[PDB]
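One structure below.
Only the coordinates and a few stated rules stand behind these numbers; no lab work does. All Cβ positions, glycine included, derive from the backbone under ideal geometry; neighbour counts span all protein chains shown.
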Amino acid sequence: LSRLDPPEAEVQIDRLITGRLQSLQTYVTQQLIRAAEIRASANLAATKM
Amino acid sequence: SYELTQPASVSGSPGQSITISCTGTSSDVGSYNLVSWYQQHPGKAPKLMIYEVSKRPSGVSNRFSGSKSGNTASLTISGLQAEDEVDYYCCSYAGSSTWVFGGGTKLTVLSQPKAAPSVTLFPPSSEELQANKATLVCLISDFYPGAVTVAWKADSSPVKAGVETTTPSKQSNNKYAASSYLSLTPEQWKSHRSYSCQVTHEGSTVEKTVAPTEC
Amino acid sequence: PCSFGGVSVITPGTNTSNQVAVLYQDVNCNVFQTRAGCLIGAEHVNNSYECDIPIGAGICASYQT
Amino acid sequence: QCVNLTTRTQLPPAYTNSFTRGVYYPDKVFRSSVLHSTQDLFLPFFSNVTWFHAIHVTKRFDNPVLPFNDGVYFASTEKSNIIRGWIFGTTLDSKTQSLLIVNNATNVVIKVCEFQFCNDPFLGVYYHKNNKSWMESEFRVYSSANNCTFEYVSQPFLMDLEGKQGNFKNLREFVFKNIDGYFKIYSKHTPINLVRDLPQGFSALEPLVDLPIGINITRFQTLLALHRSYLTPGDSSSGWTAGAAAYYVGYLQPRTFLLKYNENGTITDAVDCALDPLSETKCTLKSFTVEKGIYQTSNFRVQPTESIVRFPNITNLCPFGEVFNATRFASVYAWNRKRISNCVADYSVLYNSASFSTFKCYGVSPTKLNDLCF
Amino acid sequence: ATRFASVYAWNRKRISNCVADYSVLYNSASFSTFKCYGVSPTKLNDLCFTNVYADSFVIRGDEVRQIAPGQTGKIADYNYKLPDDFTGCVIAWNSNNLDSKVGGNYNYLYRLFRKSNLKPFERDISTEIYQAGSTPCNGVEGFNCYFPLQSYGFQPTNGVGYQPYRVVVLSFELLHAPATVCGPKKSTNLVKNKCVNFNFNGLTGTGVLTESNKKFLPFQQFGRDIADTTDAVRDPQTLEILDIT
Amino acid sequence: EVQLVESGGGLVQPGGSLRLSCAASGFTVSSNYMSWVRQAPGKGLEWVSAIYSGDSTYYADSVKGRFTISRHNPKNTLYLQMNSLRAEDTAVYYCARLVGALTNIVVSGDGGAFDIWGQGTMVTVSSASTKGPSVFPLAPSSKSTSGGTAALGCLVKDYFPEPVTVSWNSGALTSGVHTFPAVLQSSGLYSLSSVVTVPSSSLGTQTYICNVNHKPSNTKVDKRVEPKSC
């Protein structure tokens, strides 16, 4: 905000958006990956109990 | 140490309009307003005649005004009289409730009757001679325009050593003053025959010739 | 920072009614404070019933008398 | 200026609530059997609006000059077509390009010109006694029209010009908008039959026409007419009979609604997103009836109550006249170096002592330099 | 044509219901600056514009480069407001033969600075004053405040940057309403129930034209389906509605 | 009654300090105006003293750390502890007024009208010590006696530094009094004059007393002006 006017700072804001959205998609993927890993493990523990 | 540009020498005929200015910068063009104009008969505290440039002072003759645009100025002094030969200044802002103003526009009113300079020359007193001192006190009053050069004639001899003359100072009758002094010794006072003080006021000359004490 | 806390809504469906309850999570506030947060719009009771909507902190709601 | 009007019993006003109005077709996109939302200037549900009394039979003729806020909703419960005029302008002194909309006895005139205006312009029709004739007698609208920019005249038609008194039988719904300078009109005639303040119910809003104006609108006025007959004392500045009218005005807000369309693609059900917590829940999942449960919402936000500035006590002024064209500067191989600190710097002060030719601040916009602390 | 207005009192002209072109702009006078913001000059005749507004004035060359949608300046901040989302064109051209007098031009005026900010499509009719900081002066030709309107000094002996450039901005919109300002391409026959290309007021595409089954209000042009693509089009001449498949 | 009066005048030497004062009479300084205009004859002026009470950040970037001053509202008098007085500050100040915007004088407008002043004081910061003035009675001559209007006075010569105030007959002679300002000698001394045009018949019969006052040196001389009695 204090570093450029909205027009030209828009392209840096776009890179900020892209990197953070991709960081979120990696994080959410890994979270559901471990969720699916725990899925089979939890069914396994339910079968044992 | 802080000083802004004003037109020092301004003059106008009676019944005419004159413009007075005082300089600022680009940091003074957006949207402020603080300008109040002064009035000084030289040698004493000022007088208020114009403030709130385009509005009304409480008790003031409405012949004076002011006008405001860009780098184009006016303290519009109109309906000039014989009493307008006075000093003028403005006021102005300097940022964050600070202040500055201009360098003293001096107005001189023309079309006034010229008067011969009244000169009075005083020789030193007797006890001043007892004090081993001599002073030629030349006093020039009631002269206008005030361009006077005090000359001393010690028996038709121009003497410049020991001559001290004051600057022209405004008097009560719209004229100026002068008080010149020649400091000599009693040996040089009683050696010469006569002593004359002369002035050159607009070509006119008024001379006063005094003599040492006879007894 | 300032805006820190979760806002939650509870409903039994439009087919049941239109009144709802409002939950906040990290707030020190029909008040009912829980470990999940502060809830308004549900009179806490001392009864015992089987859970139907998971609210949190072992507490649940229902549309009952 | 112009003539004045007297015998005006200006009574205190009354606030009345509204019910589910202000939902129109937003754009060109035809939508059938599909839900959609958009962020635009709309009207919230259940808002406390102001109603102005106009019944004379009493002695009230009020038309306040309200500044034009972005978005205007108008709802008139008329019986004899009382409201006929609207004026748009900011100064009304034959210099502003003012816009007059008038439902004239012959045409519908829309005129954008330099009209000189009076205090309270209005219209008046005189009713004869020997014959049942209605004709526009007093046109006290503008004093001069010198410069013009737009003119539209509708077809020459005749109305009844009723002077009857009774119950409200017609509802006129209008939307006054300003987009890119345009003026969109959404007109709806409704066959209502009540006596007093607006009833409930809802229907779609039919846009009428977009006037392609581009002039500024900062203030507006809705106009009225008067009746002149034997009941008047015999003058127009004090003797006047208005009748009985009712109109509602509402400022629009940047809202968002979810819209329902049938197989015939018609606005049937509209729901808000920010009116209660339930509204956002309903419009989040893009349905109307949602199954029993809990769903994610937004989070609480706090608006800053103050915005303070904290700078050190610095009064020194950066000398830039010595930096720009003082007396003489050095060469390029022996480049002149100057050190500046502990003072206030500015860029708008660079355009006074000399007009520059090339001024390029690499990476930094010239407008923000005073907002950072170097 | 004969004479245009100033910039503070910018001249406004309304144009609609006719054919416009850009290649016809290079016959009566050769232009100097011609920049159409966001729009390439080659495609303008291929789109069908609505509500043409022309804003005309004359300015000095020292401020011609400054007029642009989103910057700051003496004129861009306090005399006119070009919107940032706005789509249009700006044309500036020097005029010495009529706007350059030997003694100088004094009839036209210009406002360098203004008290408050601006809003898009605004004209000011006040001679109010610019005055340093806060607490205005109200201005009557005096020093350390600023009357807004000064006069120009255009003489043929001035410099290139001191030349009177007529500046006209053309403003319009697209893809919002049935238009009438489009160009010299000729229409042809209408084919139905075939997979063909089509064109309606600059809107091109490929598909099948079928008969519609709904009543539409007589001011609607294009309908968009759930995929946001145009699936309904009004005929330009017969005003019949056709579905796109 | 309502008047601004300057007081607390004395000799200042380099390295010393002095407490000036501007006292308002009639109107209390708690809610009134005080503007310290510093005047040097012949040139531009400057308003410097920045004391508006409440003690916050408002100062001019020219006298930082030099002019210190205090506030006393109920006593209707302000004192100026002008410390570190520089020898190049030879000027007679005046405390004055202004106009703002609040009361009936302005409902719409700006203000800024200095309208009521003081008389000023005469304080000189000189490295050298003060010297008592020398009063020499300038006696009437034969031409003054025969001319109808006699001119007489007493020259104040060779006093350093300023000031010297000359009065006639302890205020009993006001008509015709005219005071000629001091001269700046090459060595720095001063010499002023005071001449009153008197009737020639009053010579010898009417006593002519000129009171010469020099406050920093604290010398008062009641000089008799007598005709030439050889």
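Could you compute Rg(Cα) / (2.2 N^0.38 Å) for the stretch F:115-229, with N its residue count?
1.16
For B:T108, enumerate residues with amide H under 5 Å from its amide H, sequence gap 5+ or separate chain, H modeled in the peptide plane.
Under 5 Å from the amide H of B:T108: B:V10, B:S11, B:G12.
Which residues does the label zone of D:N119 cover in the stretch D:223-238, counting backbone N under 13 Å from a point 7 Å along Cα→Cβ?
D:237-238, by backbone N distance to the label point.
Taking other Cβ within 10 Å of each residue's Cβ, how do D:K188, E:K192 sort, fewest first?
The most exposed by this proxy come first: E:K192, D:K188.
What does a probe at D:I192 reach in the stretch D:138-166, counting residues whose amide N is under 20 Å from the point 7 Å along Cα→Cβ?
Of the residues in the stretch D:138-166, D:162-166 have backbone N under 20 Å from the label point off D:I192.
Just to compare against my own numbers: the Cα pair-distance distribution for the stretch E:1-119, 10 Å bins, whole % per bin, please.
10, 40, 36, 13, 1
Viscosity 1.567 mPa s, temperature 4 °C: give me the Stokes-Einstein translational D for the stretch F:53-149 in µm²/s, with Rh taken as the Kirkwood radius over C-alpha pairs.
Once the numbers are plugged in, D ends up at 68 µm²/s.
What distance in nm lies between label points placed 7 Å from Cα along the C-beta direction at B:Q16 and D:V309?
So the label points at B:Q16 and D:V309 sit 4.7 nm apart.
Once amide H atoms are placed 1.01 Å from N in the peptide plane, what residues at a sequence separation of 5 or more from B:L80, or on another chain, have their amide H within under 5 Å of its amide H?
Under 5 Å from the amide H of B:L80: B:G15, B:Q16.
With only alpha-carbon pairs counted, each pair once and no self-pairs, how large is the Kirkwood hydrodynamic radius of chain E in angstroms?
21.4 Å
Please rank D:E206, D:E322, D:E306, F:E88, fewest neighbouring Cβ atoms within 10 Å first, as an exposure proxy.
Numbers: D:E206 15, D:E322 11, D:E306 4, F:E88 7.
Exposure proxy ranking, most exposed first: D:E306, F:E88, D:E322, D:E206.
Provide, for q = 0.14, 0.20 Å⁻¹, the log10 of I(q)/I(0) from a solvent-free Debye sum over equal Cα point scatterers in chain C.
After summing over all Cα pairs, the log10 values are -0.43, -0.83.
Can you tell me the convex hull volume per residue for the stretch E:104-245, based on C-alpha atoms, in Å³ to the nearest whole number?
Enclosed volume per residue, from the Cα hull, is 257 Å³.
If we sort D:178-186, F:191-199, E:161-169 on the protection proxy, mean other Cβ atoms within 10 Å, highest first, what's the order?
F:191-199, E:161-169, D:178-186
Can you give the three extents of the C-alpha atoms in the stretch E:140-201 along their principal axes, from longest to shortest, in whole Å?
If we take the Cα atoms of the stretch E:140-201, the spans are 77, 30, 15 Å.
Given Cα pairs under 8 Å that are at least 6 residues apart, what percent is the relative contact order of the stretch E:135-245?
Computed over the stretch E:135-245, the figure is 16 percent.
Using every pair of alpha-carbon atoms in the stretch D:15-301, split the distances into 5 Å bins beginning at 0 and state the percent of pairs per bin, rounded to integers.
In whole percents, the pair-distance histogram is 1, 5, 10, 14, 16, 15, 13, 10, 6, 4, 3, 2, 1, 0, 0.
Mind checking Rg over Rh on chain B, alpha carbons, Kirkwood formula for Rh?
Reported Rg/Rh, Kirkwood definition of Rh: 1.15.
For B:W99, list long-range residues whose amide hydrogen, built 1.01 Å from N in the peptide plane, is under 5 Å from its own amide hydrogen.
B:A94
Hey, fewest Cβ within 10 Å first, where do F:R97, D:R310 land in order? Write down the numbers at each step before the final one.
Details: F:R97 17, D:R310 4.
In increasing order of surrounding Cβ atoms, one gets D:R310, F:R97.
Rounded to the nearest 500 deg cm²/dmol, what is the calculated helix-only ellipticity per residue at 222 nm for the protein assembly as shown, with -39500 (n - 2.57) per DSSP H run of length n ≥ 4?
-2000 deg cm²/dmol
Report the one residue of D:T232, D:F68, D:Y251 whose Cα lies farthest in the direction of the positive end of the charge dipole of the stretch D:15-301 (charges on C-beta: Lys and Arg +1, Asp and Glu -1; origin at the Cα centre).
D:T232
Find the percent of Cα-Cα distances in the protein assembly as shown that exceed 57 Å, and round it to a whole number. All intermediate terms of the calculation are to be shown ahead of the outcome.
On the way: 309354 of 693253 pairs.
Of the Cα pairs, 45 percent sit more than 57 Å apart.
Using the 2.2 N^0.38 Å rule of thumb for compact globular proteins, work out how chain F stacks up: its C-alpha Rg over that value, please.
1.26
What per residue convex hull volume, in Å³, do the alpha-carbon atoms of the stretch D:221-340 yield?
Here the figure is 562 Å³ per residue.
Could you size up the charge dipole of the stretch D:15-301 around its Cα centre, putting +1 on the beta carbon of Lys and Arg and -1 on that of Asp and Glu, and report it in debye to the nearest 20?
Details: 27 positive and 25 negative charges, 92 e Å.
Approximately 440 debye in magnitude.
In nm, to one decimal, how far is the D:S238 label point from the D:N131 one, both placed 7 Å along Cα→Cβ?
Here the answer is 3.3 nm between the modelled labels.
With contacts defined as alpha carbon pairs under 8 Å and 6 or more residues apart, what's the relative contact order of chain B in percent?
19 percent
For the stretch E:114-121, just list the computed ³J(HN,Hα) in residue order, Karplus coefficients 6.51, -1.76 and 1.60, θ = phi - 60°, integers in Hz, with x standing in for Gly and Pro.
With the stated coefficients, the stretch E:114-121 comes to 9, 4, 9, 6, 10, 10, x, 6 Hz.
How are the C-alpha pair distances of the stretch E:166-218 spread across 5 Å bins, as whole percents from the shortest bin up?
For the stretch E:166-218, the binned pair fractions read 4, 11, 18, 19, 22, 12, 5, 3, 3, 2, 0 percent.
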